[PDB]
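Chain nomenclature is as follows: A, B, C, D, E, F, G and H, assigned in order of appearance, with residue numbering initiated at 1 for each chain independently.
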Amino acid sequence: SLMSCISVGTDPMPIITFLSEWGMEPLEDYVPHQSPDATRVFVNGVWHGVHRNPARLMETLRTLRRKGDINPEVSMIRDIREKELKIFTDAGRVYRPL
Amino acid sequence: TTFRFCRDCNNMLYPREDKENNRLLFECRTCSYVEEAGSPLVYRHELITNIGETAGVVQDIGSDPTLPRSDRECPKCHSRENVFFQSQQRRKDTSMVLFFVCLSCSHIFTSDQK
Amino acid sequence: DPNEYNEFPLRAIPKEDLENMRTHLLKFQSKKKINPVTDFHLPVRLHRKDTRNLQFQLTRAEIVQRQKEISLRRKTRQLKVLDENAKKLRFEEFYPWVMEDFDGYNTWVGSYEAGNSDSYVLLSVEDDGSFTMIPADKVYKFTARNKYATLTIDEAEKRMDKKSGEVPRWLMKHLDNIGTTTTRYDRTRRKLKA
Amino acid sequence: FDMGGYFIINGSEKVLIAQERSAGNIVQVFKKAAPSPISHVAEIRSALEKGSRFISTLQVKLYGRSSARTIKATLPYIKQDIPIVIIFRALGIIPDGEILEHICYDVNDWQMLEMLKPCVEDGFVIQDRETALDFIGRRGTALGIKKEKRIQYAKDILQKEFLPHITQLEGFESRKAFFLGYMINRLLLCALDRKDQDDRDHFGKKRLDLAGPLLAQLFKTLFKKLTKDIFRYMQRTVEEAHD
Amino acid sequence: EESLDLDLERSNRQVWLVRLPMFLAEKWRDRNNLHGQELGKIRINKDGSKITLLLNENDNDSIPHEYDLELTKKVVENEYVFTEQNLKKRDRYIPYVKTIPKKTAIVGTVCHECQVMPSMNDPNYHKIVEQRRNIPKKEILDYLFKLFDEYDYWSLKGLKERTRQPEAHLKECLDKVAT
Amino acid sequence: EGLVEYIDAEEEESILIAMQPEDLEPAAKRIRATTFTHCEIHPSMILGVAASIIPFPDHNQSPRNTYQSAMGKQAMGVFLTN
Amino acid sequence: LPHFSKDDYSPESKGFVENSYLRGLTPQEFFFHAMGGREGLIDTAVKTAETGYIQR
Amino acid sequence: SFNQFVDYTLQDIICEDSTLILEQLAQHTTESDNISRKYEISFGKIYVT
């Protein structure tokens, strides 16, 4: 379609480091009991760890990608129903403005 | 029907029988720790399942936009705001039950009319 | 804040002591608190050994008792290159860290995890209140092993082969009652008694 | 007016066309038909941009429609599918409660735990990590100084080739374990009918390959051919000279 | 030379573990740093549960000075930190697997883990966020007799280096007497 | 400065769209929720290049659109100026 | 379709084109119309080859 | 897509596999001894016209 566009990919490492710095638990000390409801975080499929308060991260990443500090091809989803949070930054996605 | 693990080494205790006193000795197989169970019920099947219609109630459902909103009252707090959605357990023979959750009382209630 | 606490900002380590030492990190895997300096039959020999057939391995007390009783070229090749640090890491962790008591009653086997050893950094208050400053280098996770007289490969294969509708429920207990495949602590006890 | 992203080959204007494919590195479940002994399978494709094409296909399979309740996982280069408790021990998780903590997350529910009990009973055979790592998966090449299999060789498999995203280096077995447990949980949810069957014609699970990636494929292939050819003529210039 | 056992008396020591922001880790893992100096000050409440880091101006304001030190774990168990400095220098048990157990030493246990977080109100704080966004037929005849006396399987190549002579002359001499 | 957003094919499983910028924005011609996060730019931009030439494409049958979109590539006119 | 809240079964949400060709279609209805037509086309494109083979 | 492939992805695909070495010490015993003849070939920055 007319305003369609194609993602060209961007290195996920700044996002990974950033997202660690704003509060994660890296998977190596995750335990299901002590965090019975915290949210999984994925980046291009690879799990990177669990996080406690998801909404603050979600709005923060929205503000950051709206301020122009993340390449706006990056797409995030908070699937609230399943305690999921996905970050996608590969090439080859299809997106349209809004 | 739940599993009890060996406290001494995290492996589930297995049913094994006292040959003479006739008791339910849940014994560990990894180590030699043994445990007396409570009830003669061991195995359990449930050939018919009918549960799961209210799944995934997270504490912050109202943060999503795509849930609709209505005007029934929570019969704990009577706030006129609420959120409703379809039953979660997606089988071909489930119902049209609506589950109302209110943001104020954070309380779930249905609208069954049997 | 008023001095309601040991306000000693960091005193860094001796740089001359920093060389030729590496300070890793120990991790245990059990729900109960473990203090080896109390529980273990000291002396404790933390070694880096191969673990091949550690069921038939050495007890220190058994070793002491046994010692007391006795007394064309191809000319063409290609090295597909690899990082020197990674290769050295492979060489170092080609054997893991093993620590036991003197009896061999309880053994613990380490392994390497590469999560966030770099980002961690150590701060210990000393006896005088000195706050020492150590950049931690690596972390090792240790699991107890053969605390319950583990079985072995071949009879295990005959067990897991589809010859039975179900394997025997108390098969390990029956094998122990037969007497085969004793624990390492039991082997040490038998060698001490004999 | 000739805004045109095309090429001139032999004086004729040639154009690429975007291809598509399923999204890599993403979880799909399936419901294979009744007459097959398999009922539900999970798939993970993978890639790593894109040395030797990085196919690295993985499955988790389920059997039966009862008593055939078992979870065999396929894996290269292991010629037989393996029950998963062996794999958990192979990654280095011994005690069964913590295998279960890897798999399921709500300790209160149980239906998954009775669903997993037979696989635990399969796992009653082997109680140590290298005594799991030993298991066969021959598929070549010639064995070196071995007894049955090098434990070193099996752990080299699990390190280098297996699941070639989340890591490849040396030390991330716990991450591999959680990833596997998540996969099992997804499969088990699909077969336990709490979550529906996946879809393949959702658009977001597709990507559009395009001029850059296509040129990347040709360039990688051609340059690896080139590297092989330059490695030739350098070993066999035994006589002079360094041209 | 020394003993083969580890150290134990430093078991009963308190060690604190810090998760660190990566710029601050690079500043604090320097060999030209680590000289006993005190680049900051810590501040615990009387009631606990909140620590800021009073970093001194040695950092020269590129990084902040007010760091909200967040205690990640209040109580920590089964954690022991140990060192290893190098050492001064059916019963067929292998004695030497070339294990080289150096001077291993406990130095304490861990009760707390905390994370350093710079307080966002500092101008250097959140500036780092956009920074992260920015980034001789007879003689040789007798000589041959000694040579095969030295070695009866004397090869032609060994013969040639022991002669340095015309080879056709060498070969016609050898077969006339022996092999 | 945060006025438009690029949205891939998945966040539509997380967002809500308005047709018009007036459709629910204040609280004999044609027959035509309060939690909108996005509004689409213009609904006519769901079309493609060929189908953006059909006048009043909302006023006929879809297979006829498909035929026309096929045939238009066979038309002739100018194609360039050089 | 992403322009409605979840869990509806009102006919306009699931695809009843109430309107008429004189008045034209609201864009959602336009999309559903495209769906139906596409279904017809692909059915023709498969049935023709199969019926030709069986006729031969 | 093309601009991405030219600006990056090309230097990347070169630098990921630049090294190629045949460093010859002796590849047998002696040779007395011999020394480690580093025949190495590696690629650096690339150029486009």
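The rule is simple: contacts are C-beta pairs under 8 Å (C-beta built on N, C-alpha and C of every residue); 3 or more make two chains touch, one makes a residue touch a chain.
Visitor: Any chance you could check whether F-G or B-C wins on number of contacting C-beta pairs?
Guide: F-G
Visitor: Counting in whole Å, what is the centre-to-centre distance of chain A and chain C, each centre being its mean C-alpha position?
Guide: The computed centroid separation for chain A versus chain C comes out at 38 Å.
Visitor: Can you give the whole-Å distance between the Cα centres of chain B and chain F?
Guide: That pair's centroid distance is 46 Å.
Visitor: Name the residues of chain E that each touch 2 or more other chains.
Guide: Residues 22 of chain E touch two or more partner chains.
Visitor: Give me the residue numbers in chain F that touch at least two other chains, ranges are fine.
Guide: 8-10, 13-17, 33, 35, 46
Visitor: What are the residue numbers in chain C that touch two or more other chains?
Guide: 76, 78, 113, 115-116, 148
Visitor: If you go through all the chains, which pairs of them touch?
Guide: A-B, A-C, A-D, A-E, A-F, A-H, B-C, B-D, B-F, B-G, C-D, C-E, C-H, D-F, D-H, F-G
Visitor: Taking the complex as given, what residues does chain F use to touch chain D?
Guide: Where chain F meets chain D, its residues are 8-10, 80-81.
Visitor: Mind listing the chain C positions that touch chain E in their complex?
Guide: 1, 4-5, 7, 9-13, 15, 17-18, 20-28, 30, 33-35, 37, 42-50, 56-58, 62-63, 66, 95, 116, 118-126, 133, 135-136, 191
Visitor: Using the touch definition up top, name the residues of chain C that touch chain D in the complex.
Guide: Going through chain C, the ones touching chain D are 51-52, 76, 78, 86, 89-90, 93-94, 111-115, 143, 145-146, 148, 150-153, 156, 159-160, 166-167.
Visitor: Can you check the complex and tell me which residues of chain A touch chain B?
Guide: It comes out as residues 37, 55, 80-83.
Visitor: Of all residues in chain G, which touch chain F in the complex?
Guide: That would be residues 2-5, 18-19, 21-27, 30-31, 33-34, 36-38, 40-41 of chain G.
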